[PDB]
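These notes concern the structure reproduced below.
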Amino acid sequence: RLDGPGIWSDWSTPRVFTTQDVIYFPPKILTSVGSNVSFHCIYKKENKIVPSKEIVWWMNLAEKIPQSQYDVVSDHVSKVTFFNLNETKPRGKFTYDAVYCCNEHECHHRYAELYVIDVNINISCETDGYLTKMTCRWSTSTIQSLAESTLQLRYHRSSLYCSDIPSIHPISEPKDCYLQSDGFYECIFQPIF
Amino acid sequence: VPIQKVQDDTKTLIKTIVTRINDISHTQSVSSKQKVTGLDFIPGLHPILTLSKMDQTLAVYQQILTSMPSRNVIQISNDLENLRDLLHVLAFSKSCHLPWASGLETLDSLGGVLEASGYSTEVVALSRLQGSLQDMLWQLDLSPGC
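Chains as they are written, first to last, in PDB author numbering: chain F, 312 to 504; chain A, 22 to 167.
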């Protein structure tokens, strides 16, 4: 008890956590096309931290990352910077890129996952002939490759007009959209401003 | 049992499996010879001089492939089984007694790698399988012995 002469409770059951042999931080990155992503790693060799000079990066165990992207933040941790990222092509079931940081030629099994999915969804809105409701339709062609993904239309209503540069608003409202026979989701705003 | 026909069928089966692995795009870009730590248990390129070594190698590969959920891999496992049977009939035609290879007793460790990193295990296992098949095919004319 925080206030007063409280009595200490019994100790809880001890929890044991065992770590792996190579540290990637952050382990996974969700990003878009054209963004810059920095990955940091610490490599351990027989309970000894390898210096950042020996660390070499590879993409999906296929080709060595050029040393221009290599940066030494500290003597223990190395990092790589990716600029103007393109969409990662799906190689079989895996839709992400596995970036490996290794001690020289010899590499480790663990990696870092880079998910660059296509978020460019075109939404077209259209009002009825009596201007009573507005139906907005959008396609799902670029999102069929990812399972367990939930799609929700979020809209923010301004008091007057549209800004010159649209932006994500922290306060937003969900919209109920229904899939049609043609593969397009339609959401009906009634009444409309 | 025609020895020559079995040998030619064995050759064709090997090329077939190699092509199957070729179809798997992610495997092609990965270096077969390159070493990755943790996968060491997988029987990669280390001189496979004899028929008994080939049999145990294929047995281990079948055992590893069986555990991984993939449609292509199941067919590859079946082809490997047929390959082993072909090697056994050839070993019989050569008056050799091949004991039926058990897989690796040491699979209690493979689970960990499959859980932590499926992608690495799959790409390495496939590329090393392709490599092992290629040296086996090279050596099959050299008059392999038991």
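Where is the CB? At the ideal position from N, CA and C, for every residue including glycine.
Here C436(F) is exposed, its C-beta having fewer than 16 other C-beta atoms within 10 Å.
For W159(A), the three-state secondary structure derived from DSSP is helix.
Boundaries of the beta strand (DSSP E) around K390(F): 389-393. Within the model, the alpha-carbon separation for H467(F) versus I482(F) is close to 7 Å. Those residues of the segment 132-148 of chain A placed with their C-beta closer than 7 Å to a C-beta in chain F are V134, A137, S138, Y140, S141, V144, ordered along the chain.
By the C-beta density criterion, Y489(F) is exposed, having fewer than 16 other C-beta atoms within 10 angstroms. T48(A) and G59(A) have their alpha carbons spaced roughly 18 Å apart.
For a Cβ distance threshold of 7 Å, residue set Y140 of chain A lies close to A409(F), ordered along the chain. Relative to the Cα of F405(F), the nearest Cα in the group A458(F), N395(F), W449(F) belongs to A458(F).
With contacts defined by Cβ atoms closer than 8 Å, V344(F) and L425(F) do not form a contacting pair. The beta carbon of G59(A) falls within 8 Å of a beta carbon belonging to chain F, placing the residue at that interface. Against chain A, a Cβ distance below 7 Å from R402(F) picks out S46, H47.
A Cβ-Cβ separation of about 6 Å places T392(F) in contact with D382(F) under the 8 Å criterion. Taking C-beta atoms as the reference points, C447(F) and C498(F) count as a pair closer than 8 Å. Residues of chain F with a Cβ closer than 9 Å to the Cβ of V51(A) are, in chain order, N371, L372, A373. For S450(F), the enclosing beta strand (DSSP E) starts and ends at 445-450.
In the displayed model, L131(A) falls within a helix according to three-state DSSP. For the segment 418-429 of chain F, the beta-carbon criterion of a distance under 8 Å to any beta-carbon of chain A is satisfied by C418, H419, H420, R421, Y422.
C-alpha of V361(F) to C-alpha of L86(A): approximately 34 Å in a straight line. Proximity of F405(F) to chain A, defined by a Cβ-Cβ separation below 8 Å, is satisfied.
Between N103(A) and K56(A), the alpha-carbon positions lie close to 29 Å from each other. The Cβ neighbour count for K390(F), taken over all protein chains shown within 10 Å, is at least 16; the residue is labelled buried. Ranked by how close their Cα comes to the Cα of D321(F), the residues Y496(F), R312(F), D439(F), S349(F) have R312(F) in first place.
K26(A) sits in a helix when the DSSP states are folded into three classes. For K56(A), the neighbours in chain F by C-beta distance under 8 Å run, in chain order, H416, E417, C418.
A direct Cα-Cα distance of roughly 41 Å separates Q155(A) from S452(F).
The residues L158, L161, in chain order, have a CB closer than 8 Å to that of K32(A) in the same chain once the five nearest residues on each side in sequence are set aside. Per DSSP, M89(A) lies in no beta strand (DSSP E) and is assigned neither H nor E. In the DSSP assignment, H351(F) falls within the unbroken beta strand (DSSP E) covering 348-354. In the structure shown, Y82(A) adopts helical secondary structure according to DSSP, grouped into three states.
For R402(F), the pairing in a beta bridge is given by DSSP as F405(F). Boundaries for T48(A): no beta strand (DSSP E) harbours it, while the alpha helix (DSSP H) harbouring it runs 46-49, taken from the DSSP string.
With a cut-off of 8 Å on Cβ pairs, the segment 119-134 of chain A is in contact with the segment 76-86 of chain A, counting three or more such pairs. A contact is defined here as three or more CB-CB pairs under 8 Å, and the segment 131-139 of chain A fails this definition with respect to the segment 25-42 of chain A. Going by C-alpha positions, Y82(A) is about 36 Å away from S363(F).
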